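The form deposited in one PDB entry is given below as one chain in structure tokens.
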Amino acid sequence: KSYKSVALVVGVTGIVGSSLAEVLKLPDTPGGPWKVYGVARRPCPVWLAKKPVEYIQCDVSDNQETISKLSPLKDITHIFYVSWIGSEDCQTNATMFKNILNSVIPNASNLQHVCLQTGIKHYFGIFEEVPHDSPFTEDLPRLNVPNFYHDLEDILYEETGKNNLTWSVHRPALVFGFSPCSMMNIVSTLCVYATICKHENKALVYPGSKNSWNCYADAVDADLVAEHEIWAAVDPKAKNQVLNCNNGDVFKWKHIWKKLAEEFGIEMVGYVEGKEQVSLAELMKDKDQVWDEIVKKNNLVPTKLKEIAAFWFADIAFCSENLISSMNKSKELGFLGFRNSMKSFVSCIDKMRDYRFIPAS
């Protein structure tokens, strides 16, 4: 075909990358019809080979490999950088993004826009070792921390300015999504926990803090992040803006916890007054084998426990509070996409069952 737009999705197996791969191929999608190149680290997993994306395995931290794999991609119009290296290292994250731009900018003559996805950590700090108060708005100045987001933005602003490309930064809230290859997928994580509770005839027992149980929290659906990125990539009113992305509402983990129990047909144990947070990472230490049994029993897409779940990240979610972000700027710019967070959560569950990452019920 000829296409209207050609996307390079860096991080296609990711929690947002995998949604963009679906969303960009819908016929109503702005800027369409879209060709999609999808970059990720590992060989194309099976679930993705059944999608119309041109998959490129590439270590994007390796400059020569990245040049050789992406230089030839002359038709690219829009880059969606929806990746990170899996640690908070400013240098290695920065290298990834620089490699992408240095490989594509000089070879793709119709390149228009670079979309960079970071996150609300911008506002409160990093996962190793202060915060702005919320609701977080986009104009809040950088914290004095080595946040790799600062380096990515600086690279973005430099490279796009000197090459007359447009840019956007997206700072999603906690993502409700479906990919089993993510390093930070709260829903799969909690789904795996519940699946194990069920298999071991235990209750869905809440391991988190009191505050996280009771405080207002927010999130974003992966598909909404993809729409928001696509919107900023094609709508000229949105160009060259930093932009938060959340579902537009708030929830409480306590209400989510109940729905999770109901979705797995098991009993729930809520937060208990005075009792304190225990580490779900520690509780799930040596469950790799139970998970390998479950995968085989239900004929699931095979995943290692440490791949599909990130219990450490759940622990952080469950000692967090006061992290609400504002969608006012996006709405004032005309983006009115939203989701009902309770429904988005359930819909991630359904979809992970649908795609056979977790057991049906």
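The first residue of the sequence shown is number 1, and the count goes up from there. Superpose the two forms; the largest set of C-alphas matching within 1.5 Å is the rigid core.
Note that the form deposited in another entry isn't included here; everything after this is about it.
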Exercise. Determine, with the core as the superposition reference, the one member of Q289, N164, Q91, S109 that shifts its CA by 2 Å or more between this form and the one not shown.
Key: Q289
Quiz item: After fitting the rigid core, is the C-alpha of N299 off by 2 Å or more between this form and the one not shown?
Solution: yes
Quiz item: Would you say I256 moves its Cα by 2 Å or more between this form and the one not shown, aligning on the core?
Solution: no
Exercise. Taking the rigid core as the superposition reference, indicate whether the CA of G177 shifts 2 angstroms or more between this form and the one not shown.
Key: no
